[PDB]
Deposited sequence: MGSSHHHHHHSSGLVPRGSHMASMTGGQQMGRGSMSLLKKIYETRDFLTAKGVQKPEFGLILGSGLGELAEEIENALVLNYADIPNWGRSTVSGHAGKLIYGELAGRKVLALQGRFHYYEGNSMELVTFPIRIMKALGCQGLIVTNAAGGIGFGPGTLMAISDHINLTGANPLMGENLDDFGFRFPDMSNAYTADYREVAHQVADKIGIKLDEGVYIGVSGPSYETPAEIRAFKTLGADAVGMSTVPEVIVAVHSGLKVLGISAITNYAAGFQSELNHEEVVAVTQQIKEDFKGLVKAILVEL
């Protein structure tokens, strides 16, 4: 089919550009972009130059913390009007290129945790309005009806909390609820999401994680909580606790990369 041939064409392109044997997918959300700096012998490509991909923004291959990583710095957002096929196309590419696991980070609003926290994601709730696997199943990639019981790979999660303790960074853990965006939530919406068991809320991740699961990729997800969700303070700006958290997240992801 159409999608599959794109997947293969973009995979060869990337192979030809020298994208050899990435072990890890790395999606750097809101201000972990910088960490793509520290990537060694980096192949750096603009999104606009990647066939079948286009302008969401860079894709970056090379070595980080001793591992082969395929990093997205700047990521597709559903609220920008990108379909769900295009949002998750980099995830199809990471699998088809041999990646074993995905590390997806993001910035989230805090329901059960407060600003400055880092929250390993233990599960998610998809409230985006859509599911990225709608359409014909991609048999080459996975089953029609994939099990989400273990989406945020419990082995990866244990590794993250060990690394966090051993390096003395506080690592919390909880449930992310994905919404579409791009408006922030009303306080009433935040009360319902709390009732539905969410600990944090943002505008990404869920669809990528679904496709990651379908593709058989293990997954690690971490939210930086950048602010109390609507209702828990009185306005939402200055979500720049992102900066004060920058250095802890960087060292954490690096030291996790070593151990997965």
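Undergrad: Just jot down which stretches of the deposited chain sequence have no CA coordinates, in the order they come.
TA: No C-alpha coordinates exist for 1 to 34, 91 to 96, 278 to 280.
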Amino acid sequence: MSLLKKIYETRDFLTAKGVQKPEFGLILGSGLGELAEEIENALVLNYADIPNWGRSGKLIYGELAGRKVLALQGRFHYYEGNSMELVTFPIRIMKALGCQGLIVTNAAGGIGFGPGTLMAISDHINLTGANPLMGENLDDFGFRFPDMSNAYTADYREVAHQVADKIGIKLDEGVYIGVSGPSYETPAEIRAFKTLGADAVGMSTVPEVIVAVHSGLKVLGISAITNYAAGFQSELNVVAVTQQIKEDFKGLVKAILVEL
From here on, numbers count along this sequence of modelled residues.
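Undergrad: Out of 241 to 249 and 9 to 17, which one has CA B-factors that are higher on average in the deposited record?
TA: Comparing 241 to 249 with 9 to 17, the higher mean C-alpha B-factor belongs to 241 to 249.
Undergrad: On mean C-alpha B-factor from the PDB entry, just flag whether 200 to 208 or 32 to 40 is the higher one.
TA: In the deposited entry, the stretch with the higher C-alpha B-factor mean is 32 to 40.
Undergrad: From the list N46, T195, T226, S215, select the residue with the highest C-alpha B factor recorded in the entry.
TA: It is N46.
Undergrad: Highest Cα temperature factor in the entry, among the options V219, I222, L26, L64: which one is it?
TA: Largest recorded C-alpha B-factor: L64.
Undergrad: Lowest, middle or highest third of the chain for the C-alpha temperature factor of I93?
TA: As the PDB entry reports it, the C-alpha B-factor of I93 lands in the lowest third of its chain.
Undergrad: Going by the recorded CA B-factors, say which third of the chain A188 sits in, lowest, middle or highest.
TA: Lowest third of the chain for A188's C-alpha B-factor.
Undergrad: Going by the CA temperature factor in the PDB record, which third of the chain does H124 belong to: lowest, middle or highest?
TA: Lowest third of the chain for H124's C-alpha B-factor.
Undergrad: Among all modelled residues of this chain, ranked by Cα B factor, put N131 in the bottom, middle or top third, i.e. lowest, middle or highest.
TA: As the PDB entry reports it, the C-alpha B-factor of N131 lands in the lowest third of its chain.
Undergrad: In terms of the CA temperature factor given in the entry, to which third of its chain does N82 belong: lowest, middle or highest?
TA: According to the entry, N82 has a C-alpha B-factor in the chain's middle third.
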